[PDB]
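Read the structure below first, then the notes.
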Amino acid sequence: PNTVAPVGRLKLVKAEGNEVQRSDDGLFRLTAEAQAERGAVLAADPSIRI
Amino acid sequence: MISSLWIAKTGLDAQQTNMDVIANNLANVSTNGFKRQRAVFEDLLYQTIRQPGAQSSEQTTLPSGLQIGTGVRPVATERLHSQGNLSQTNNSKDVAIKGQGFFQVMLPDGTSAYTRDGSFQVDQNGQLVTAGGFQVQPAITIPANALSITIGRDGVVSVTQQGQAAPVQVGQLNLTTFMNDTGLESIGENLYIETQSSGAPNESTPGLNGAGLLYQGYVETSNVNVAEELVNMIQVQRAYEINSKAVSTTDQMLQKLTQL
Amino acid sequence: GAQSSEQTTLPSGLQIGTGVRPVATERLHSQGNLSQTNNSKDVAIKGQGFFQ
Amino acid sequence: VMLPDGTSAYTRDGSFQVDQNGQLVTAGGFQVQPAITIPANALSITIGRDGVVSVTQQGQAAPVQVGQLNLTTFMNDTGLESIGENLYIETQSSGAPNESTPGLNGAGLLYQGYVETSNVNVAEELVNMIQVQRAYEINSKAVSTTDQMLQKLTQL
Amino acid sequence: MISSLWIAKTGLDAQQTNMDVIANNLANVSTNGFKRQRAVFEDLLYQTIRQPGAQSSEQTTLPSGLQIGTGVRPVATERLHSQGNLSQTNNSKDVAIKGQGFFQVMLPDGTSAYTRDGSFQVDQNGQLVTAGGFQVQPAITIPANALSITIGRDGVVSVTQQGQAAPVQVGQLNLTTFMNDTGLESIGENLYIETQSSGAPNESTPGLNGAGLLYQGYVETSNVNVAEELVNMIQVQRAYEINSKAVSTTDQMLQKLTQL
Amino acid sequence: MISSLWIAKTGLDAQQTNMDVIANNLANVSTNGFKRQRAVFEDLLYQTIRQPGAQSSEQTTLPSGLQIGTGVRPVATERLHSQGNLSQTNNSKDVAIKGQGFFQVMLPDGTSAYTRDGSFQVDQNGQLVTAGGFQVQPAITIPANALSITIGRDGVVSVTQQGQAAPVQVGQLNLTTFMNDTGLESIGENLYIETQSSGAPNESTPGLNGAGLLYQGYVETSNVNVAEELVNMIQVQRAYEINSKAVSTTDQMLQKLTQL
Amino acid sequence: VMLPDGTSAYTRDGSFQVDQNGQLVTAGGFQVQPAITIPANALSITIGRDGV
Amino acid sequence: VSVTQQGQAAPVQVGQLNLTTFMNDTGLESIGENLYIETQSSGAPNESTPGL
Amino acid sequence: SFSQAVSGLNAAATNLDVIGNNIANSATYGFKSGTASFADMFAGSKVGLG
Amino acid sequence: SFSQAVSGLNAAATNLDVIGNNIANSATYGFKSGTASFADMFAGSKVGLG
């Protein structure tokens, strides 16, 4: 048991909810304003806890 | 269907086994050369929900993860191969071994057992058999018209005939010692059979290589201490009652869930 | 002594007794004390033997 | 103690026996790591207060030393993982074991003839089980009330 | 989930530890130089629902606010350091100290402990040791061919030789006194070790500065009064029963509540 | 299951050992050259709930912490080598030793044992042996046609021959001494052997280096004071019953607890 | 476990019985693949912690 | 907080567990794992030794 | 504890039997008085056996 | 209470032994009679030790 080793880290994003639109398959994506103001892809923030 | 029921069942079974060995010790307190038994317990496996020491952040780790038990299981029983007390019988054919070792006994099928209960009788052929008909392996043959039988400390047996003004040797007693006394398997006639745990037997005359001496006219009593057995019985009863209480509590909560 | 593993064997197994039974009642053919009765036909033997 | 697969575990239960090879093993066959061996025809095995093991013999007038029971200490005892057979193994949560003689560097001492019991308080278990039974019943009642109000809602 | 339940738990625990110290005192009633123990309890914190002395109006104040208890806890245990009765063994190597003091003992590790049990032996090297091999710190070495050993009221010790027709001094049994005897930490083998709340030890000769004298041939018995222990056992049994009744009442009340 | 129960069990065991040594002393009250036994106990470890002398605050310290005992153990069982009373048997083959020392004896295996009782006989071959067939180590051989055997205060032995009216010397009886007489390992048939606890034996002629003298025609009785055994037995019975009462009280508390 | 049609299936339920030929089989008649056989006149059967 | 060593009689101090207080404890924002974080409704925390 | 007491009782009975036999055979011509000698028995150390 | 009584009993036994020694030593030419001397012992005050 003393050989546990990290093998990666998830990417969590924080979207307010007024700038995300559902796709046609159940997934959510940034809208035009959201991607314009926060870049093409969001950056993971350490404040998110799971 | 609840883990608590399964755990409490194992607890009750362990207490039952302990009470069983206590009662077995209490039964033959009058058996010559009987050794008490003690049961040792050991818990079962564990279910790990959260692995201890796993990372909880980039730098912190869980000091101790979630880990649930599964119950208890008896693992072994040990015979207290101590020295029992010696009682006098004034019977010339009763021999008590003081120290370590066993008398070898030739079973009817041809195998060999080992006994510490020294109470010998002579059958119609002159053989020095044990109580039960099995004869001692070195084949001591007592001749007729024997006034008395003398067995020395070094296990040399001689008889006093009508004349000759000197006893004549008729055989010798040899004692076998084992590496692990507690390892022998008992078969239920004050007899133990050699098994893999105990080493190979090696005969030795009394008084050599740590083997005990022989006293004629004495018999070794069982080393059972009833003063401890009574307290053990009290503790066993209380533990059984507590486990039954746990079973009852689990049943009550299951019934309440059913009524939901 | 069971082969509990490839190399380790249990030093002592699990065995439960089933009680105790009497096996024999042996007589002690020792010599009793002799007494005096001063009777013509009272005979006591010292040692071994039996009248038939 | 040493498991058959080479790895080493740790235990508090001192109840030892001797196998056919004269090696001090636990009740279960696992041998103690410092490899204490007992010679043949031993008369009395004595264990010192600081782990030294001596044995008497037939004609010898002095005990002969046969081994030492050095024991390990951990930085965090609670972090050890507990495997079933009354054994513990070290984890990353606990520190690396450090082996030492008894009585030094905060290590304990050894008593021969006695075995450590279990530190389970009976009087607390019963009240705890009463408490958990009552809490279980209360939560069941909460479930029942939620079910009834949901049924009333969906009935209309 | 009820305050009464957690209060009754503390009450039960207090009664249990009281019974435990009573049993410990009754156990070693024959141990030489054993000082009995008694436990001191204190109540836990109080919840102030309404503040005492609060201004109840423009002129009035609350005589006493609403305060609720929380339970009990054992706060300490103290050993009554009185003088035990002296019994006679007619043994030249038994010393009983009358008064206050402790013999200093050199532990094998290198630390020094202090003991009250005066019952000494001589090892193979001719050094005075306690029952257990720990040597007396002043390092008294009794020479061989010692006809007799005499220890006076003070600490001087002499040995009578075959010749010279006069005793010869071979050491002195200085004993240590403490500012606070109860503050000594107790370990096994009838030994105490210095702590912060005990003060620095004070070496002294017997009979000076309040140090007691030494009697040879006597041994000090434990100061345990079984007549008080029996009534203590009755009292703790009744208190445990009362607390158990309180637990049962709370359980019944909660069970009847949860049937709605 | 309860610490009180285990403590009381240890107390019961200690009282049982005390009663056993009392019975052993009383049984061989008439054995020549027997030394009575005495058992010494000590307290077991202590569980420290609150460390004494702990730093309670920035400037306040606990005068005495919370410590709980866990029982009593018999640390040792030692002989009391006093000088037994000298009897008058007016026999020529029994010698009593006044002071210290032991007679040396050659065991059958080949080692050396030591005895205190002097009551000798002659084997069929003329050797001077103790009761049991063990000959004296210096091998004193009594010749035939011996009128009388004389032993002085020293070890010198003489035999009055039939003729020549001039006694001759046929050996000497030296005595062995030990640094620690209580460390001798006692065995059966009234014998002792050397261990590491006792010192290396040293030979000495009687009356030299503190060794005792020899008296012919006297025998040494056991130093068992039958007067003290009765009162010790009464005390043992009382203590045993009190510990049994403690066990009963603990069982009552457990039974009341389980009735919830 | 060896199925009748040759294929092999994997089971975690341990409840084994001895067949007429001695082969260890599962409750239902399907036999264990490693083909462990038990001789007759056997006093007692033991199974090690590492499957011996 | 103090810890007693092996040989040393006097305990050695290793640290102080001072604790914080707030002007309005109700306004703390609760998250998982029994944790509270400061908000604008609760005043700035102040640290102090216990009992003062 | 019981067996040691039994052994001591038997030893005392034997001694008294010897005394009675000696006192009964008084006035016999070719008679020599008999005496009894006892011996302790230990298993190891601290374990008396009567 | 046991210790005081036992100590007194031992003192009485010692006195009786001395008296027996004196009476049995009569007709010994170079002999002087022996007499025992006793002393009470107190721990502090109001506490008896025998």
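Note that the protein sequences, when read in sequence, are chains a, K, F, P, J, A, V, U, DA and DB.
Okay, so the first sequence: first residue is 152 according to PDB author numbering, each after it adds one.
Okay, so the second sequence: first residue is 1 according to PDB author numbering, each after it adds one.
Okay, so the third sequence: first residue is 53 according to PDB author numbering, each after it adds one.
Okay, so the fourth sequence: first residue is 105 according to PDB author numbering, each after it adds one.
Okay, so the fifth sequence: first residue is 1 according to PDB author numbering, each after it adds one.
Okay, so the sixth sequence: first residue is 1 according to PDB author numbering, each after it adds one.
Okay, so the seventh sequence: first residue is 105 according to PDB author numbering, each after it adds one.
Okay, so the eighth sequence: first residue is 157 according to PDB author numbering, each after it adds one.
Okay, so the ninth sequence: first residue is 2 according to PDB author numbering, each after it adds one.
Okay, so the tenth sequence: first residue is 2 according to PDB author numbering, each after it adds one.
Even for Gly, the Cβ is constructed at its ideal location relative to N, Cα and C.
**Reduced DSSP secondary structure (H/G/I, E/B, other) of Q55(F)** = The residue you call residue 55(F) lines up with position 3 of the third sequence. Coil.
**Message:** Can you find the residues in the same chain that come closer than 8 Å, C-beta to C-beta, to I201(a), ignoring five residues on each side of it along the sequence?
**Reply:** On the first sequence, position 50 is the one that residue 201(a) refers to. The answer, listed in chain order, is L161 and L163.
**Prompt:** How about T150(V): is its C-beta nearer than 8 Å to some C-beta of chain F?
**Reply:** On the seventh sequence, position 46 is the one that residue 150(V) refers to. Yes - at least one Cβ of chain F is within 8 Å of the one on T150(V).
**Asked** DSSP on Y240(K), reduced to helix/strand/coil?
**Response** As a working mapping, residue 240(K) is identified with position 240 in the second sequence. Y240(K): helix per DSSP, three-state reduction.
**Item:** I22(J): first and last residue of the uninterrupted beta strand (DSSP E) it sits in
**Value:** Position 22 of the fifth sequence, counted from the first residue, corresponds to residue 22(J). Per DSSP, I22(J) belongs to no beta strand (DSSP E); it is in the alpha helix (DSSP H), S3 to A27.
**Asked** If we count the other Cβ atoms within 10 Å of its Cβ and call it buried at 16 or more, is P206(K) buried or exposed?
**Response** Taking the second sequence and counting its residues from 1, the one referred to as residue 206(K) is at position 206. Here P206(K) is buried. Its C-beta has 16 or more other C-beta atoms within 10 Å.
**Request:** Identify the contact partners of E194(J) in chain U, using a Cβ-Cβ distance below 9 Å as the criterion.
**Result:** As a position in the fifth sequence, residue 194(J) is number 194, starting the count at 1. Near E194(J) (Cβ distances below 9 Å), the residues of chain U are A165.
**Message:** Which same chain residues end up closer than 7 Å to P201(K) when comparing Cβ atoms and leaving out the 5 residues on each side of it in sequence?
**Reply:** On the second sequence, position 201 is the one that residue 201(K) refers to. Hits under 7 Å: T176, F178 and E194.
**Prompt:** Roughly how many whole angstroms lie between the Cα atoms of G163(J) and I140(J)?
**Reply:** For the purposes of this step, residue 163(J) is taken as residue 163 along the fifth sequence, with counting starting at 1. For the purposes of this step, residue 140(J) is taken as residue 140 along the fifth sequence, with counting starting at 1. Straight-line Cα distance between these residues: approximately 21 Å.
**Request:** Please list, in chain order, all residues of the same chain as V159(A) whose beta carbon is under 8 Å from its beta carbon, the five residues on each side excluded.
**Result:** Stepping through the sixth sequence from its first residue, residue 159(A) is reached at position 159. If we look at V159(A) and ignore the five residues flanking it on each side, its Cβ neighbours are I142, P143, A146, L147, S148, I149, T150, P167, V168 and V170.
**Message:** Going by DSSP, what residue range makes up the beta strand (DSSP E) through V7(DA)?
**Reply:** In the ninth sequence, counting from the first residue as 1, residue 7(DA) sits at position 6. Per DSSP, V7(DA) belongs to no beta strand (DSSP E); it is in the alpha helix (DSSP H), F3 to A25.
**Message:** Under 8 Å: do the stretch 83-90 of chain J and the stretch 62-75 of chain J share three or more Cβ pairs, one atom per stretch?
**Reply:** no
**Message:** What residue range does the alpha helix (DSSP H) around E189(A) cover?
**Reply:** In the sixth sequence, counting from the first residue as 1, residue 189(A) sits at position 189. Neither: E189(A) is in no alpha helix (DSSP H) and is coded neither H nor E.
**Which of helix, strand or coil DSSP assigns to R189(a)** = Translated into the one-based positions of the first sequence, residue 189(a) becomes position 38. If DSSP states are grouped into helix, strand and coil, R189(a) belongs with the helices.
**Asked** Quick one: what's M106(J) bridged to in DSSP?
**Response** Walking along the fifth sequence from the start, residue 106(J) turns up at place 106. The partner list for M106(J) (beta bridge, DSSP) reads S112(J) and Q135(J).
**Message:** As a quick exercise: from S119(P), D154(P) and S197(P), pick the residue whose alpha carbon is nearest that of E42(K).
**Reply:** As a working note, residue 42(K) is residue 42 in the second sequence. Per the Cα distances, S119(P).
**Request:** Would you kindly report the start and end of the unbroken beta strand (DSSP E) that includes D123(J)?
**Result:** Translated into the one-based positions of the fifth sequence, residue 123(J) becomes position 123. Where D123(J) is concerned, there is no enclosing beta strand (DSSP E), given that its DSSP letter is neither H nor E.
**Request:** Measure the CB-CB distance between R79(A) and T221(A) and report whether it falls below 8 Å.
**Result:** Your numbering for residue 79(A) matches position 79 in the sixth sequence. Your numbering for residue 221(A) matches position 221 in the sixth sequence. Taking 8 Å as the Cβ cut-off, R79(A) and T221(A) do not qualify as a contacting pair.
**Request:** Please list, in chain order, all residues of the same chain as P52(K) whose beta carbon is under 7 Å from its beta carbon, the five residues on each side excluded.
**Result:** For this step, residue 52(K) is matched to residue 52 along the second sequence. Counting only Cβ-Cβ distances below 7 Å, and skipping sequence neighbours, we find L62, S64 and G65.
**Request:** List the DSSP bridge partners of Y215(A).
**Result:** As a working note, residue 215(A) is residue 215 in the sixth sequence. The partner list for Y215(A) (beta bridge, DSSP) reads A96(A).
**Request:** Measure the alpha-carbon distance for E203(U) versus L173(U) and round it to whole angstroms.
**Result:** Locating residue 203(U) in the eighth sequence gives position 47, where the first residue counts as 1. Locating residue 173(U) in the eighth sequence gives position 17, where the first residue counts as 1. Rounded to whole angstroms, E203(U) to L173(U) spans 10 Å at the Cα level.
**Prompt:** DSSP puts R38(K) in a beta bridge; with which residues?
**Reply:** Position 38 of the second sequence, counting from 1, holds the residue named residue 38(K). Partner(s): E78(K).
**Asked** According to DSSP, is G183(P) helix, strand or coil?
**Response** Numbered from 1 along the fourth sequence, position 79 holds the residue referred to as residue 183(P). In the structure shown, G183(P) sits in a helix (DSSP, three-state: H, G or I).
**Request:** Return the chain-ordered list of same chain residues with a C-beta closer than 8 Å to the C-beta of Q137(V), the five sequence neighbours on each side being excluded.
**Result:** Working through the seventh sequence from its first residue, we reach residue 137(V) at position 33. Excluding positions up to five away in sequence, the list reads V105, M106 and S112.
**Message:** Buried or exposed, going by whether 16 or more other CB atoms sit within 10 Å of the CB of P74(J)?
**Reply:** Position 74 of the fifth sequence, counted from the start, is the residue given in the question as residue 74(J). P74(J) is buried by the Cβ-count criterion.
**Request:** Have a look at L10(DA) and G132(K) and give me their C-alpha separation to the nearest angstrom.
**Result:** Position 9 of the ninth sequence holds residue 10(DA). Position 132 of the second sequence holds residue 132(K). Pairing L10(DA) with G132(K), the inter-Cα distance amounts to about 32 Å.
**Request:** Would you identify the three-state DSSP class for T249(J), choosing helix, strand or coil?
**Result:** By one-based count along the fifth sequence, residue 249(J) stands at place 249. Correct three-state label for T249(J): helix.
**Message:** With three or more C-beta pairs closer than 8 Å as the rule, is the stretch 224-235 of chain J touching the stretch 7-23 of chain J?
**Reply:** yes
**Prompt:** Comparing the C-beta of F3(DB) with each C-beta of chain A, is any distance below 8 Å?
**Reply:** Mapped onto the tenth sequence, residue 3(DB) falls at position 2. Interface residue, yes.
**Item:** Per-residue DSSP class, three states only, for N32(K)
**Value:** On the second sequence, residue 32(K) is found 32 positions in, with the first residue counted as 1. Here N32(K) sits in strand by DSSP.
**Request:** State the Cα-Cα distance for the pair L26(A) and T36(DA), rounded to the nearest angstrom.
**Result:** Taking the first residue of the sixth sequence as 1, we reach residue 26(A) at position 26. Taking the first residue of the ninth sequence as 1, we reach residue 36(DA) at position 35. Distance between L26(A) and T36(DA), taken at the CA atoms: about 20 Å.
**Request:** Can you give me the Cβ contacts of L44(A) inside the same chain, cut-off strictly under 8 Å, excluding the 5 residues immediately before and after it?
**Result:** The sequence position of residue 44(A) within the sixth sequence is 44, counting from 1. Closer than 8 Å at Cβ, skipping near neighbours: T10, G69, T70, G71, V72 and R73.
**Request:** Tell me whether the beta-carbon of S34(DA) lies closer than 8 Å to the beta-carbon of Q88(K).
**Result:** Residue numbering aside, residue 34(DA) sits at position 33 when the ninth sequence is read from its first letter. Residue numbering aside, residue 88(K) sits at position 88 when the second sequence is read from its first letter. In this structure, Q88(K) does not lie closer than 8 Å to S34(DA) by Cβ.
**Prompt:** Which residues in the same chain as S198(U) place their Cβ atom closer than 6 Å to its Cβ, once the five residues preceding and following it in sequence are excluded?
**Reply:** On the eighth sequence, position 42 is the one that residue 198(U) refers to. Result list for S198(U): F178, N180, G183 and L184, in chain order.
**Message:** Taking only three categories from DSSP, how would you classify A227(P)?
**Reply:** Reading the fourth sequence from its first residue, position 123 is the one you call residue 227(P). Helix, per DSSP.
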